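Just one chain is shown here, as structure tokens, and it is the form solved without the DNA.
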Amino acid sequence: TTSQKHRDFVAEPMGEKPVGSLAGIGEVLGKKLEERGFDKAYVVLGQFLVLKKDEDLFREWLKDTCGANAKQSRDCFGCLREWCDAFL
């Protein structure tokens, strides 16, 4: 199942949307991603793509980088995978 945040994100190009528009990325995670340079959603897309869309490696990277739990990293991965299927 999906959140509305997910559906909103996968429905359109992300442009300069902030990192907090990604499903799973709330205020606390977003702050920590911004602190480490990932201020916009497309920067996280960048990492997803450098990692060749690998679910295990991306979700681990997200845990290591901002402390995302399993649900948060699942939600974020799925929203980027579905965005890519639609637009990349």
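Just count from 1 along the sequence shown to find any residue number.
The same protein also has a form deposited with the DNA bound, omitted here; what follows describes it.
Checklist entry - Looking in the deposited complex, is the DNA within 4.5 Å of a heavy atom from each of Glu27, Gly30 and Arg74? => result Per the other structure, all of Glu27, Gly30 and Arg74 touch the DNA.
Next on the checklist: in the deposited complex, does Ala11 come within 4.5 Å of the DNA, counting heavy atoms only?
Outcome noted: It does not: once the DNA is placed as it appears in the deposited complex, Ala11 has no heavy atom within 4.5 Å of it.
Checklist entry - With the partner left out of view, is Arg81 within 4.5 angstroms of the DNA in the deposited complex by any non-hydrogen atom? => result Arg81: no contact with the DNA in the deposited complex.
Item to check | the DNA in the deposited complex - contacting residues of 1-16, heavy atom within 4.5 Å | outcome: Residues within 4.5 Å: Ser3, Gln4, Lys5.
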